[PDB]
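As structure tokens, the structure follows; a few thoughts come after it.
In what follows, chains are A, B, ... by sequence order, proteins preceding strands, each numbered from 1.
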Amino acid sequence: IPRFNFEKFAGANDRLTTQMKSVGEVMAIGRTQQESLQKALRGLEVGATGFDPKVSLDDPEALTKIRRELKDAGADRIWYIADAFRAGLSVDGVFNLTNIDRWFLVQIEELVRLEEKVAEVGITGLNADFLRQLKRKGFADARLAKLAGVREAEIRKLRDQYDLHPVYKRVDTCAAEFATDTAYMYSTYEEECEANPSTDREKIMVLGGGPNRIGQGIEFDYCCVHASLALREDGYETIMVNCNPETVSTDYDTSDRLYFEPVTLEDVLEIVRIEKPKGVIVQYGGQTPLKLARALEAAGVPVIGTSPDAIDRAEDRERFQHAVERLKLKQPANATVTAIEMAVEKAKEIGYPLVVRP
Amino acid sequence: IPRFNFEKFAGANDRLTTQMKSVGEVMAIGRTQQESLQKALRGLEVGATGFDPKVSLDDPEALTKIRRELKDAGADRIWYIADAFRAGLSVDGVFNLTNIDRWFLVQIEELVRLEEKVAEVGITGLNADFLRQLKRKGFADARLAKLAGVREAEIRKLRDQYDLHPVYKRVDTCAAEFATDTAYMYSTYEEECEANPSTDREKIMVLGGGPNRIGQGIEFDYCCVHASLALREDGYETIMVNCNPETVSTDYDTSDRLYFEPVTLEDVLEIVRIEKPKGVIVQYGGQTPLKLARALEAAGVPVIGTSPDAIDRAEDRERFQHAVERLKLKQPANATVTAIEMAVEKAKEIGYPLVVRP
Amino acid sequence: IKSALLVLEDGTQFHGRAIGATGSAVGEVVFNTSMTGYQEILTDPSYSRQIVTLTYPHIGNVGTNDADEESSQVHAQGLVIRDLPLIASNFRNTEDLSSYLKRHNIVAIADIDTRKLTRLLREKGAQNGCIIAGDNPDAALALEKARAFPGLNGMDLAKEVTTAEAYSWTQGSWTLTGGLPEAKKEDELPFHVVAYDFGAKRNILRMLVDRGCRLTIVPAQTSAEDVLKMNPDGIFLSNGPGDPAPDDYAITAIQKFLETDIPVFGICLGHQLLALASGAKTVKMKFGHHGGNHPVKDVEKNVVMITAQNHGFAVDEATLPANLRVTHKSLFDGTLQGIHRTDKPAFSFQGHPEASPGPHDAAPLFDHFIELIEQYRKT
Amino acid sequence: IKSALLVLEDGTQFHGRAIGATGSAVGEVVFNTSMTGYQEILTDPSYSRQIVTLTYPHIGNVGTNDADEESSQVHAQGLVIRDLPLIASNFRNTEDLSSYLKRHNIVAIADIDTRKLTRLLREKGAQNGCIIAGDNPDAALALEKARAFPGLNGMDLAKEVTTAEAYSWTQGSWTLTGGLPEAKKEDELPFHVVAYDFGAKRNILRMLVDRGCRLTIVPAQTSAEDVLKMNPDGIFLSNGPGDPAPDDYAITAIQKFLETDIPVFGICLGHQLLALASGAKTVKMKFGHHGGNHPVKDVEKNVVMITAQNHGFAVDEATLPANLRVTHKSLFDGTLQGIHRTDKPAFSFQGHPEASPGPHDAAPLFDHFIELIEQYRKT
Ligand SMILES: [Cl-]
Ligand SMILES: [Cl-]
Ligand SMILES: [Cl-]
Ligand SMILES: [Cl-]
Ligand SMILES: [Cl-]
Ligand SMILES: [Cl-]
Ligand SMILES: [K+]
Ligand SMILES: [K+]
């Protein structure tokens, strides 16, 4: 799936054409297209848990916006497609608009229907036979949870309960006709697990940033490789977690073990679960893994380097000012306005010119 | 199918509710639901020849209007249902908005898909087989014409060529379990015909006015009955053509032979074709029959009484003025303006106050 | 294109579409006027060897479901309709008509002028026919087949449909709410009825159970002796295909029961049998009575009931013994509809009191039988 | 819920869903890595008695069509897949995969860990198994059926698939543009080739005609004599299930052809035949070669071809008589692939030069053969 950055170019023509406009790309592996597709969506780093809705069901104008998005593709179409299904457009109607082979579309529709079940049944309807069905479809814990009106965590627990966990298969180029020694894996909801973690060594986990976007480029990927290359050299068992197909980090030669997966709390936890690494570095892949730091730790992840808390200290506007305050250092005047008339005053205080961050 | 007159009550809420707003209704009989519905649509006297579109295919905003018309039914809903299938909506989508049983929706949908093929193969693709299938689904020559991009007469020409005509079945209260001596019939595209016209008597055919509307009431029907009753008593074999279920005219006792059909050129010609009446009265059923007069005559029908052309003399503004003139009679000062500024001047001529007929 | 064709003895041809299995079907052609109830009609054992044409154009509107099965299988030889709907649309549906037919292997044809067909059977009386469904149906073959047909007219149908060994029935009627009930316990039913299976409809059994009867379903050839041996509360003679010969086993046993004081009740073929056993004669009707809107007058009370009918043969009222009094007659044609033995506690009805499908107006006939039973048990 | 289940000799279970016919299937289980060509694989005679497992997860994306049938019927025993697509989406499609499976009455199971399964075969070697599809599949029975299998090894399969009487083939290959051509007139084909149907693939015939060959297809057991009578331009030994035992008829026959100057060309099974008849031995492979990405080297030119493979047996390069040279070898495992008689105009390839499905890389094999016939004629 390609990654765009149209919100950084307001005045720009955001319709997809023959000239590329995307800034990066994400890749996923599944045992099925539906699985493959959803994993990719949730690894895109655009805040999607999958086929999250763009328009409201009770919007009298929604079919119109849906139609437009569908006929003249933008970066959001994939989503507008599921929305089409929610709104009652047929597979054929969607086809005439987008020209996307019905083979694909049908799959999307199926996903939209299951979703609806979900939403109808609530968390209660989440037996273990279904939940597992949902999981083999690539549904993410976070997706279901919105659907079921619960916390992602709840779904997470539930699974734990059912002992509902993915398995890991390997890449071998030959559909298992031969054996491999490489450890290039991906998750799926099948039977046999091929992870076969080592009990043997001290393992260090490196989290990547996923697909590139402006501000989260190759520079971060550079660091991540270096971490692996270094520690592996030092003798640790290095395990890379990333899903950006263009990089050096996702080259099986860069680490001992490679998990081509979405850099999500869910997918990460899963890997940890069986790897039980010594430590995990979340300070090298950019904003992606960094946002995951608190959560991971509370979830019991052995986060190494600057603590997640520490991190927050610096990021948090209030926590930072405070420490700046404490060391007795120079920082520009600031304020935290809530109302227009409020700022105008505070503004007088601080002094033009000003820097207005939202 | 109910008959409305909203256009006459501009500021009225035109949404359908528990309080009746209809002014009449038409009825049709068919060997199939499709056939029966289409026949009713073409006899409604609203200018419809079947499922004529209400919104355009290239209107970006269409789905929204359609959506609105399906969710909150007005008198036009039947046509917005087809428009919906044209535009990409599924039967399930339509169902959720309207609550019309899918048993019906699927049928309309199939009609639309058929229309699409028609439009596609054009007149050349109208072979005898296909044209027969269409007729069988209740398609009017006028509607096919429209899709084929020709005049109605051309569709009819084709039928004559293929010897594609309907048969007449009889109403018997028993599904043919017992025979009948009554002549209460309806057209259908089938095998056996039960019209069995007489060769015995001098026949007169009276055309009704279809469903009642404002200004086209029972009064006309009254006249229609009288003709039938009178000429019957006088020794003629009286044939009534009408499809208004509320009237005395469609009572089988009123006439010798009753054809419960759409009062259209297509319908009337088929009947004339086998009955070969001595004369046809077109002046008693109001506007519906009056409007057919010239075509009927032109196609060979023995219209009786005041002539089609005469009737035109009077109705036509110009022809009339001329006559009035010729008789040296008094007629309000008039003008036939084209533009804004033209009228203002002309008005000046004519004098206020003015009566502005479009 | 899925062609199908129907040809009559008389050579009449109807060209249409195949809606069920591939192949051919031959039998006596009948028309039924029932606007609803198609599944029930097709699964009625009285339609064995017959090719059923339905007058109501749209057939399959509501798909099908097990509760609407009147027996363990489709008995119609083939089905003839005007139109097969695009979809079945009913909360009860469990399978669309076409798949069902296929499933049951019935040859069926749609899209033919069923009104012309019906008018013809009415006018000229019943006729044999063959339907052929396939790539290129051969109308000469179909015609051959139809012409060759031996027909019903001196055929033992009932033996074909009857049960191999006797069995127990204690299940009651279906309800909207609960559907079809779990079968009752023996001790939950006060009366024991022995019912002769001549190709009996499930609804009759269910309705009897509804009234207190625990049933013992017996093969049509079952002897009066063996029966009496069971100590019956009443004897029931089921509905069934064809007609019985004066000749045959059953008439024999019946007469025996009639020597006894056990109450006997017959429906349709069962009524026939009762009249034959009582010394009355049966005739083959022009086209018969096949529908659900048939007016029957109870001559005794002077009242009219709308009834479900399914019969090609009828009891000669002229040939009626004196110990046989007329209880109902048709208001459509005046044909004999019900009788009662003056001398014995036995009565029968030509129609289908158990309906299914059809109006429930005739249900009370069942209650007279219960009365009868109750008295017998008193003495 | 349509339950399905597959069970292995070893007692390894695989639960799933039924996508084909109802019932059970038993046979040797194999895996084929071909991501395209599922129909052509199913209709391969060579798959007789075998249970097919496909590695590629989505099977049936393009539905089915006649032109993709390599034989008159579906020879594989059962079908094992990961996912059956909601729809088929291909302009060439004529019937969905499920529908077709049922039409061909095949017992098939989807939604199972085909990876697991594949790895198991790879590791442990080929295994017999049984699939059970139905309302409540029985594990043990399945297991029973699984172990009780006599199996391929020591089985005359060819006989099972070969044609009853002999026939003439003059049909060429398919074209996107034209599709399947009309069979050529016999006066249009310069050469006459006699081909032994051991369960021959159509494509093979098609490509020969394409090559100028008029074909006379003969039963397996046909004697060398009855043939030599036909005055062939060359003799061909088709592919086919199982493997020949040094014992059987064809061995004998072929040798006769080998005493002659008639050019002789064998494929797959026929490649083994030619070898056996030439003095070498065959061996059953661990798991075999089933896919379309198989490298094979033409040792003479030192060039590689990507080839279509379907063969559980192999010619022991070790046992080779001296009149038998090595032409090709498998780059995957170094097993023997091609051979040529140094003495005679005889050669055979282990892979399918005719592919279908798979790379046309090995096509030129045929040209050799023609090269031989031409020369033979010259003389
Ligand atoms: Cl569930
Ligand atoms: Cl109002
Ligand atoms: Cl056509
Ligand atoms: Cl017909
Ligand atoms: Cl499995
Ligand atoms: Cl040929
Ligand atoms: K027809
Ligand atoms: K499974």
Side-chain angles (χ1 to χ4, degrees), chain D residues 45-46 158 162 169 173 189-218 220 222 224 227-228 230-240 244 250-251 253-278 280 282 296 298 300 305 307-311 315 323-328 336-356 360-379:
Chain D
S46 300
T162 190
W169 186 291
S173 261
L189 296 164
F191 332 106
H192 186 161
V193 176
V194 184
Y196 268 92
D197 173 9
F198 297 136
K201 274 169 69 211
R202 298 193 189 167
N203 213 77
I204 279 174
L205 321 182
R206 290 161 163 158
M207 291 171 70
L208 280 161
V209 179
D210 281 349
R211 278 151 189 93
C213 298
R214 166 171 121 29
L215 323 167
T216 273
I217 299 2
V218 324
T222 283
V227 173
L228 282 157
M230 330 193 174
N231 277 48
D233 279 293
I235 287 139
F236 173 86
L237 314 178
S238 103
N239 52 288
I251 301 164
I254 298 169
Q255 280 154 323
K256 246 93 127 176
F257 298 136
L258 289 152
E259 272 159 46
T260 95
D261 267 359
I262 306 215
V264 180
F265 175 45
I267 283 173
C268 188
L269 179 56
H271 150 84
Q272 286 132 25
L273 280 166
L274 170 71
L276 278 175
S278 257
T282 63
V296 167
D298 176 343
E300 269 140 21
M305 23 191 214
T307 77
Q309 299 285 319
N310 182 14
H311 68 93
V315 167
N323 46 168
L324 264 201
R325 69 191 183 252
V326 188
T327 47
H328 299 79
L336 189 46
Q337 286 269 329
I339 29 177
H340 212 292
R341 285 278 292 244
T342 49
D343 54 356
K344 287 320 209 162
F347 86 107
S348 61
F349 188 70
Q350 176 81 227
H352 290 259
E354 87 285 16
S356 207
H360 303 171
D361 304 351
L365 267 77
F366 286 99
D367 315 321
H368 185 35
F369 182 26
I370 302 307
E371 264 186 32
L372 287 187
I373 286 147
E374 277 178 316
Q375 133 172 270
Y376 172 66
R377 295 183 52 94
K378 211 152 71 236
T379 315

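Among residues two or more places apart in sequence or in another chain, the side-chain contact (heavy atoms from CB on, under 4.5 Å) test is passed with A253(D) by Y196(D), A224(D), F257(D). The side-chain hydrogen bond (donor to acceptor under 3.5 Å, both in side chains) search around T282(D) returns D243(D), not counting sequence neighbours. For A308(D), the side-chain contact (heavy atoms from CB on, under 4.5 Å) partners at least two apart in sequence or on another chain are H352(D), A355(D). Every residue meeting the side-chain hydrogen bond (donor to acceptor under 3.5 Å, both in side chains) condition with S173(D), not counting sequence neighbours, appears here in chain and number order: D210(D). Scanning for salt bridge (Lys or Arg N to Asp or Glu O under 4.0 Å) contacts around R211(D) gives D367(D), with sequence neighbours left out. Scanning for side-chain contact (heavy atoms from CB on, under 4.5 Å) contacts around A220(D) gives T162(D), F198(D), with sequence neighbours left out. Partners of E371(D) by salt bridge (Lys or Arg N to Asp or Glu O under 4.0 Å), not counting sequence neighbours: none found. In this view, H311(D) and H289(D), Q309(D), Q337(D), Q350(D) satisfy the side-chain hydrogen bond (donor to acceptor under 3.5 Å, both in side chains) rule, not counting sequence neighbours. Remark: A362(D) pairs with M305(D), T307(D), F349(D), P353(D), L365(D) by the side-chain contact (heavy atoms from CB on, under 4.5 Å) rule, at least two apart or across chains. For the ring pair (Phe, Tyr, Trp, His ring centres under 6.0 Å) test, no residue two or more places apart in sequence or in another chain qualifies with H192(D). Residues that satisfy the side-chain hydrogen bond (donor to acceptor under 3.5 Å, both in side chains) test with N310(D), not counting sequence neighbours, are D44(D), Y47(D).
Here CZ of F369(D) is found 8.5 Å from CD1 of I235(D). Values are rounded to the nearest 0.5 Å. Summarising the geometry, atom CG belonging to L228(D) is positioned 9.5 Å from atom NZ belonging to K256(D); distances are rounded to the nearest 0.5 Å. Annotation: the span from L258(D) atom CG to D343(D) atom CG amounts to 7.5 Å, rounded to 0.5 Å.
In this structure, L276(D) and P244(D) approach most closely via the heavy-atom pair CD1-O, 3.2 Å. Of all heavy-atom pairs spanning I254(D) and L237(D), the tightest one is CD1-CD1, 4.0 Å. Scanning both residues, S278(D) and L324(D), for their nearest heavy atoms gives CB-CD1, 3.7 Å. Here the closest non-hydrogen pair linking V193(D) and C213(D) is CG2-SG, 3.7 Å. Contact between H271(D) and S348(D) at its shortest, heavy atoms only, is ND1-OG, 2.5 Å. Scanning all heavy atoms of the two residues, the minimum distance from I339(D) to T327(D) falls at N-OG1, 2.9 Å.
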Would you list the atom pairs, donor with acceptor, under 3.5 Å between side chains in residues 372-379 of chain D and any protein atom, with sequence neighbours excluded?
residue: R377(D); atom: NH1; partner: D233(D); partner atom: OD1; Å: 2.5
residue: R377(D); atom: NH1; partner: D233(D); partner atom: OD2; Å: 3.1
residue: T379(D); atom: OG1; partner: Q375(D); partner atom: O; Å: 3.2

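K344(D) places a side-chain N or O within donor-acceptor distance of the main-chain N or O of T260(D), the cut-off being under 3.5 Å. No donor-acceptor distance shorter than 3.5 angstrom exists from the side chain of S238(D) to the backbone of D197(D), with no hydrogens or angles considered. The backbone N or O of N323(D) sits less than 3.5 Å from a side-chain atom of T342(D), completing a donor-acceptor pair.
Among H360(D), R206(D), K201(D), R202(D), the single residue meeting the side chain to side chain donor-acceptor pair (under 3.5 Å) criterion with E354(D) is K201(D).
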| said: side-chain contact (heavy atoms from CB on, under 4.5 Å), that's the test. Do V209(D) and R214(D) meet it? Break it down for me. | reply: CA-CA 6 Å; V209(D) 179; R214(D) 166 171 121 29; over 6 Å; no

| said: Determine whether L208(D) and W169(D) satisfy the following criterion, side-chain contact (heavy atoms from CB on, under 4.5 Å), listing intermediate values before the conclusion. | reply: CA-CA 10 Å; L208(D) 280 161; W169(D) 186 291; over 6 Å; no

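Classified by interplanar angle (parallel below 30°, tilted 30° to 60°, perpendicular above 60°), the ring pair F265(D)/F366(D) is perpendicular.
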